[PDB]
Amino acid sequence: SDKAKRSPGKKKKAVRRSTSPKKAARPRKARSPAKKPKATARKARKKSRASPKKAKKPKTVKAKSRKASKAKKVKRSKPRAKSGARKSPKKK
DNA sequence: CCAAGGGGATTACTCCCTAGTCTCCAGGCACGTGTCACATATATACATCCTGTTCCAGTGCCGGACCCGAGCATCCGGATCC
């Protein structure tokens, strides 16, 4: 009895906690794209058509533009997910 | 080969008798050094005084060992691109 949920279960394809990606897919459904079960960052709502080597530098620019308080909140928040990632698998 | 006694001899202290020479034998002199004298100088037993360093405390500091945590890198977990 370390964790009774184990809903992903891995096998080569899963979703991280199935909730934060769901929390990101909710704006997908609410806004114009209304995508099938795929979930990503915010900038895709502005431009659904994106590509790697190009859809990441604006995130770094935004991080530079924002403040140290926001950066610290970012470092602090998801450590909850760091703690929770060991519950269901129970190990590595 | 020496100790005792055989006779025979010049010396050297000893008598005789005089006399002139260092030495006892005492009333007086003004000296010589062994003792005396007040303190010296000499060697010794106490009380532990007071100083300034030089004999030491408290903590008037915080030196090493072991487990964590900051941000930029690469693996991996995830968007979705032909």
# chains A, B, ... in the order shown; residues from 1 in each chain; ligands from 1
>>> residues_around(residues="residue 28 (chain A)", least_positions_apart="2", cutoff="9 Å", atoms="only C-alpha atoms (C1' of nucleotides)", output="list in words")
residues 24, 25, 26, 30, 31, 32, 33, 34, 35, 36, 38, 39, 40, 42, 44 and 45 of chain A
>>> write_last_selection(atoms="N, CA, C and O atoms", output="mmCIF file, in the first residue's frame")
data_model
loop_
_atom_site.group_PDB
_atom_site.id
_atom_site.type_symbol
_atom_site.label_atom_id
_atom_site.label_comp_id
_atom_site.auth_asym_id
_atom_site.auth_seq_id
_atom_site.Cartn_x
_atom_site.Cartn_y
_atom_site.Cartn_z
ATOM 1 N N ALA A 24 -3.606 21.404 -18.951
ATOM 2 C CA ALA A 24 -3.157 22.129 -20.136
ATOM 3 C C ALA A 24 -4.018 21.819 -21.356
ATOM 4 O O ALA A 24 -4.117 22.647 -22.268
ATOM 5 N N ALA A 25 -4.629 20.634 -21.395
ATOM 6 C CA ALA A 25 -5.528 20.291 -22.491
ATOM 7 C C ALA A 25 -6.875 20.984 -22.337
ATOM 8 O O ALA A 25 -7.613 21.141 -23.316
ATOM 9 N N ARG A 26 -7.228 21.373 -21.114
ATOM 10 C CA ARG A 26 -8.467 22.122 -20.907
ATOM 11 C C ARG A 26 -8.495 23.448 -21.664
ATOM 12 O O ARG A 26 -9.521 23.743 -22.298
ATOM 13 N N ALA A 30 -11.138 24.574 -24.574
ATOM 14 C CA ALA A 30 -11.878 25.821 -24.403
ATOM 15 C C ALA A 30 -11.660 26.774 -25.572
ATOM 16 O O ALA A 30 -12.589 27.477 -25.986
ATOM 17 N N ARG A 31 -10.447 26.817 -26.114
ATOM 18 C CA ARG A 31 -10.100 27.777 -27.151
ATOM 19 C C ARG A 31 -10.356 27.178 -28.536
ATOM 20 O O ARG A 31 -11.009 26.142 -28.683
ATOM 21 N N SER A 32 -9.839 27.848 -29.567
ATOM 22 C CA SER A 32 -10.128 27.461 -30.949
ATOM 23 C C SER A 32 -9.708 26.039 -31.311
ATOM 24 O O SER A 32 -10.513 25.332 -31.941
ATOM 25 N N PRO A 33 -8.488 25.551 -30.976
ATOM 26 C CA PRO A 33 -8.049 24.258 -31.531
ATOM 27 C C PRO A 33 -8.942 23.077 -31.174
ATOM 28 O O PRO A 33 -9.309 22.299 -32.060
ATOM 29 N N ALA A 34 -9.299 22.936 -29.896
ATOM 30 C CA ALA A 34 -10.123 21.823 -29.416
ATOM 31 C C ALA A 34 -9.526 20.479 -29.841
ATOM 32 O O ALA A 34 -10.186 19.629 -30.441
ATOM 33 N N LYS A 35 -8.250 20.306 -29.510
ATOM 34 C CA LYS A 35 -7.490 19.158 -29.973
ATOM 35 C C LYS A 35 -7.952 17.868 -29.299
ATOM 36 O O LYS A 35 -8.545 17.868 -28.218
ATOM 37 N N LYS A 36 -7.663 16.756 -29.969
ATOM 38 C CA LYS A 36 -7.735 15.394 -29.471
ATOM 39 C C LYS A 36 -6.719 15.214 -28.345
ATOM 40 O O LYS A 36 -5.933 16.126 -28.072
ATOM 41 N N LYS A 38 -4.074 15.494 -26.849
ATOM 42 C CA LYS A 38 -2.709 15.996 -26.881
ATOM 43 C C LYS A 38 -2.704 17.336 -26.158
ATOM 44 O O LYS A 38 -3.640 18.124 -26.313
ATOM 45 N N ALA A 39 -1.658 17.594 -25.374
ATOM 46 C CA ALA A 39 -1.635 18.787 -24.530
ATOM 47 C C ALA A 39 -0.230 19.367 -24.490
ATOM 48 O O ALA A 39 0.737 18.634 -24.267
ATOM 49 N N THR A 40 -0.126 20.684 -24.668
ATOM 50 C CA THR A 40 1.170 21.353 -24.705
ATOM 51 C C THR A 40 1.132 22.702 -23.995
ATOM 52 O O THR A 40 0.185 23.000 -23.260
ATOM 53 N N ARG A 42 1.372 27.060 -23.707
ATOM 54 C CA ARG A 42 0.352 28.053 -24.031
ATOM 55 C C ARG A 42 0.495 28.582 -25.455
ATOM 56 O O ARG A 42 -0.509 28.871 -26.115
ATOM 57 N N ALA A 44 0.941 27.416 -28.254
ATOM 58 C CA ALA A 44 0.252 26.724 -29.336
ATOM 59 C C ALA A 44 -1.171 27.237 -29.512
ATOM 60 O O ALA A 44 -1.724 27.159 -30.616
ATOM 61 N N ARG A 45 -1.780 27.768 -28.449
ATOM 62 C CA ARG A 45 -3.091 28.394 -28.597
ATOM 63 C C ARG A 45 -3.000 29.640 -29.469
ATOM 64 O O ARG A 45 -3.941 29.965 -30.203
#
>>> closest_atom_pairs(of="chain B", to="chain A", cutoff="12 Å", atoms="only C-alpha atoms (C1' of nucleotides)", output="CSV")
residue,atom,partner,partner_atom,distance
B:70,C1',A:75,CA,10.9
B:71,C1',A:75,CA,10.8
B:77,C1',A:16,CA,7.8
B:78,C1',A:15,CA,7.7
B:79,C1',A:40,CA,4.5
B:80,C1',A:38,CA,7.7
B:81,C1',A:51,CA,6.4
B:82,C1',A:51,CA,11.2
>>> closest_residue(among="A:72, A:86, A:62, A:92", to="residue 3 (chain A)", atoms="only C-alpha atoms")
A:86
>>> select_by_dssp(residues="chain A", states="helix (DSSP H, G or I)", output="CSV table (one decimal) with N, CA, C and O atoms, in the first residue's frame")
chain,number,residue,atom,x,y,z
A,20,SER,N,-1.9,17.6,-14.7
A,20,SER,CA,-1.4,18.8,-15.2
A,20,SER,C,-1.4,18.8,-16.7
A,20,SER,O,-1.8,19.9,-17.3
A,21,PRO,N,-1.1,17.8,-17.4
A,21,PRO,CA,-1.4,17.7,-18.9
A,21,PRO,C,-2.9,17.9,-19.2
A,21,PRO,O,-3.2,18.5,-20.2
A,22,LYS,N,-3.7,17.3,-18.3
A,22,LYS,CA,-5.2,17.6,-18.5
A,22,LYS,C,-5.5,19.0,-18.2
A,22,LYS,O,-6.3,19.6,-18.9
A,23,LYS,N,-4.8,19.7,-17.2
A,23,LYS,CA,-5.0,21.1,-17.0
A,23,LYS,C,-4.5,21.9,-18.1
A,23,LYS,O,-5.0,23.1,-18.3
A,24,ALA,N,-3.6,21.4,-19.0
A,24,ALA,CA,-3.2,22.1,-20.1
A,24,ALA,C,-4.0,21.8,-21.4
A,24,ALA,O,-4.1,22.6,-22.3
A,25,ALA,N,-4.6,20.6,-21.4
A,25,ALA,CA,-5.5,20.3,-22.5
A,25,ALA,C,-6.9,21.0,-22.3
A,25,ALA,O,-7.6,21.1,-23.3
A,26,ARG,N,-7.2,21.4,-21.1
A,26,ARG,CA,-8.5,22.1,-20.9
A,26,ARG,C,-8.5,23.4,-21.7
A,26,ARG,O,-9.5,23.7,-22.3
A,27,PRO,N,-7.4,24.3,-21.6
A,27,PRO,CA,-7.4,25.4,-22.5
A,27,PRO,C,-7.5,25.1,-24.0
A,27,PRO,O,-8.1,25.8,-24.8
A,28,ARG,N,-6.9,23.9,-24.4
A,28,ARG,CA,-7.1,23.4,-25.8
A,28,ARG,C,-8.5,23.3,-26.1
A,28,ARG,O,-8.9,23.8,-27.2
A,29,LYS,N,-9.3,22.6,-25.3
A,29,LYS,CA,-10.7,22.4,-25.6
A,29,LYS,C,-11.5,23.7,-25.5
A,29,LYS,O,-12.3,24.0,-26.4
A,30,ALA,N,-11.1,24.6,-24.6
A,30,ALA,CA,-11.9,25.8,-24.4
A,30,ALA,C,-11.7,26.8,-25.6
A,30,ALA,O,-12.6,27.5,-26.0
A,43,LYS,N,1.7,28.7,-25.9
A,43,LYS,CA,1.9,29.4,-27.2
A,43,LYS,C,1.3,28.7,-28.4
A,43,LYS,O,1.1,29.3,-29.4
A,44,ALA,N,0.9,27.4,-28.3
A,44,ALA,CA,0.3,26.7,-29.3
A,44,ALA,C,-1.2,27.2,-29.5
A,44,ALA,O,-1.7,27.2,-30.6
A,45,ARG,N,-1.8,27.8,-28.4
A,45,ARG,CA,-3.1,28.4,-28.6
A,45,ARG,C,-3.0,29.6,-29.5
A,45,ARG,O,-3.9,30.0,-30.2
A,46,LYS,N,-1.9,30.4,-29.4
A,46,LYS,CA,-1.7,31.5,-30.3
A,46,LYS,C,-1.3,31.0,-31.7
A,46,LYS,O,-1.8,31.6,-32.7
A,57,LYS,N,12.5,29.0,-28.2
A,57,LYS,CA,13.2,30.3,-27.9
A,57,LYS,C,12.2,31.3,-27.4
A,57,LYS,O,12.6,32.1,-26.5
A,58,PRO,N,11.0,31.5,-27.9
A,58,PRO,CA,10.1,32.5,-27.2
A,58,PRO,C,9.8,32.2,-25.8
A,58,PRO,O,9.6,33.1,-25.0
A,59,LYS,N,9.8,30.9,-25.4
A,59,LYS,CA,9.7,30.6,-24.0
A,59,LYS,C,10.8,31.1,-23.1
A,59,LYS,O,10.6,31.6,-22.0
A,60,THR,N,12.1,31.0,-23.7
A,60,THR,CA,13.2,31.5,-23.0
A,60,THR,C,13.2,33.0,-22.9
A,60,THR,O,13.5,33.6,-21.9
A,61,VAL,N,12.7,33.7,-24.0
A,61,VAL,CA,12.6,35.1,-24.0
A,61,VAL,C,11.5,35.6,-23.0
A,61,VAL,O,11.8,36.5,-22.3
A,62,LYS,N,10.4,34.8,-22.9
A,62,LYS,CA,9.4,35.1,-21.9
A,62,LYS,C,10.0,35.0,-20.5
A,62,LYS,O,9.7,35.8,-19.6
A,63,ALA,N,10.8,33.9,-20.2
A,63,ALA,CA,11.4,33.7,-18.9
A,63,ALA,C,12.3,34.8,-18.6
A,63,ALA,O,12.4,35.3,-17.4
A,64,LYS,N,13.1,35.3,-19.5
A,64,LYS,CA,13.9,36.5,-19.3
A,64,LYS,C,13.1,37.7,-19.0
A,64,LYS,O,13.5,38.5,-18.1
A,65,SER,N,12.0,37.9,-19.7
A,65,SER,CA,11.2,39.1,-19.5
A,65,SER,C,10.5,39.1,-18.1
A,65,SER,O,10.4,40.1,-17.5
A,68,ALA,N,12.1,37.6,-11.1
A,68,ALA,CA,12.7,36.7,-10.2
A,68,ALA,C,11.7,36.0,-9.2
A,68,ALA,O,11.8,34.9,-8.9
A,69,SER,N,10.7,36.8,-8.8
A,69,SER,CA,9.6,36.2,-8.0
A,69,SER,C,8.9,35.1,-8.8
A,69,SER,O,8.6,34.0,-8.2
A,70,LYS,N,8.6,35.3,-10.0
A,70,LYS,CA,7.9,34.3,-10.8
A,70,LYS,C,8.9,33.1,-11.0
A,70,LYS,O,8.4,32.0,-11.0
A,71,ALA,N,10.2,33.4,-11.3
A,71,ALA,CA,11.1,32.3,-11.4
A,71,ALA,C,11.2,31.4,-10.1
A,71,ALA,O,11.2,30.2,-10.2
A,72,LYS,N,11.2,32.1,-9.0
A,72,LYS,CA,11.2,31.4,-7.7
A,72,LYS,C,9.9,30.6,-7.5
A,72,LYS,O,10.0,29.4,-7.0
A,73,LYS,N,8.8,31.1,-7.8
A,73,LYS,CA,7.5,30.4,-7.8
A,73,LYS,C,7.6,29.2,-8.7
A,73,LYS,O,7.0,28.1,-8.3
A,74,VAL,N,8.2,29.3,-9.8
A,74,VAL,CA,8.3,28.1,-10.7
A,74,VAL,C,9.2,27.1,-10.1
A,74,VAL,O,8.9,25.9,-10.1
A,75,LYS,N,10.3,27.5,-9.5
A,75,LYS,CA,11.2,26.5,-8.8
A,75,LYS,C,10.5,25.8,-7.7
A,75,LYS,O,10.7,24.7,-7.3
A,76,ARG,N,9.6,26.5,-7.0
A,76,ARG,CA,8.9,26.0,-5.8
A,76,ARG,C,7.7,25.1,-6.1
A,76,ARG,O,7.5,24.2,-5.4
A,77,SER,N,7.0,25.4,-7.1
A,77,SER,CA,5.7,24.8,-7.3
A,77,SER,C,5.7,23.3,-7.5
A,77,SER,O,5.3,22.5,-6.7
A,79,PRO,N,8.0,20.9,-7.4
A,79,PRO,CA,8.5,19.9,-6.4
A,79,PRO,C,7.4,19.1,-5.7
A,79,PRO,O,7.7,18.0,-5.3
A,80,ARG,N,6.2,19.5,-5.7
A,80,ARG,CA,5.1,18.7,-5.4
A,80,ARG,C,5.0,17.5,-6.3
A,80,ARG,O,4.8,16.3,-5.9
A,81,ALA,N,5.1,17.8,-7.6
A,81,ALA,CA,5.1,16.7,-8.6
A,81,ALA,C,6.4,15.8,-8.5
A,81,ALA,O,6.4,14.6,-8.7
A,82,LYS,N,7.5,16.4,-8.1
A,82,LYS,CA,8.7,15.6,-7.8
A,82,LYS,C,8.5,14.6,-6.7
A,82,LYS,O,8.9,13.5,-6.8
A,83,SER,N,7.8,15.1,-5.6
A,83,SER,CA,7.4,14.1,-4.5
A,83,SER,C,6.5,13.1,-5.0
A,83,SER,O,6.6,11.9,-4.6
A,84,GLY,N,5.5,13.5,-5.8
A,84,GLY,CA,4.4,12.6,-6.2
A,84,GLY,C,4.9,11.6,-7.3
A,84,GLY,O,4.2,10.5,-7.5
>>> closest_residue(among="A:85, A:2, A:56, A:47", to="residue 18 (chain A)", atoms="only C-alpha atoms")
A:85
>>> atom_distance(atom1="CA of residue 17 (chain A)", atom2="CA of residue 87 (chain A)")
10.5 Å
>>> decode(residues="region 13-43 of chain A", atoms="C-alpha atoms", output="mmCIF file, in the first residue's frame")
data_model
loop_
_atom_site.group_PDB
_atom_site.id
_atom_site.type_symbol
_atom_site.label_atom_id
_atom_site.label_comp_id
_atom_site.auth_asym_id
_atom_site.auth_seq_id
_atom_site.Cartn_x
_atom_site.Cartn_y
_atom_site.Cartn_z
ATOM 1 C CA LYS A 13 3.428 5.556 -23.388
ATOM 2 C CA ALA A 14 1.813 7.403 -20.488
ATOM 3 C CA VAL A 15 0.867 10.835 -19.155
ATOM 4 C CA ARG A 16 2.614 12.633 -16.291
ATOM 5 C CA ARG A 17 0.105 12.495 -13.397
ATOM 6 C CA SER A 18 -2.637 12.740 -16.076
ATOM 7 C CA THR A 19 -3.794 15.993 -14.419
ATOM 8 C CA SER A 20 -1.352 18.810 -15.202
ATOM 9 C CA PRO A 21 -1.386 17.736 -18.882
ATOM 10 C CA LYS A 22 -5.169 17.581 -18.490
ATOM 11 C CA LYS A 23 -5.011 21.073 -16.976
ATOM 12 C CA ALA A 24 -3.157 22.129 -20.136
ATOM 13 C CA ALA A 25 -5.528 20.291 -22.491
ATOM 14 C CA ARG A 26 -8.467 22.122 -20.907
ATOM 15 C CA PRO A 27 -7.443 25.449 -22.546
ATOM 16 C CA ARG A 28 -7.052 23.441 -25.757
ATOM 17 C CA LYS A 29 -10.709 22.394 -25.589
ATOM 18 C CA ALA A 30 -11.878 25.821 -24.403
ATOM 19 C CA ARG A 31 -10.100 27.777 -27.151
ATOM 20 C CA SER A 32 -10.128 27.461 -30.949
ATOM 21 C CA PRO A 33 -8.049 24.258 -31.531
ATOM 22 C CA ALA A 34 -10.123 21.823 -29.416
ATOM 23 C CA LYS A 35 -7.490 19.158 -29.973
ATOM 24 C CA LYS A 36 -7.735 15.394 -29.471
ATOM 25 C CA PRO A 37 -5.899 13.996 -26.403
ATOM 26 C CA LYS A 38 -2.709 15.996 -26.881
ATOM 27 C CA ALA A 39 -1.635 18.787 -24.530
ATOM 28 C CA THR A 40 1.170 21.353 -24.705
ATOM 29 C CA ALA A 41 2.269 24.815 -23.560
ATOM 30 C CA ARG A 42 0.352 28.053 -24.031
ATOM 31 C CA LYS A 43 1.943 29.404 -27.222
#
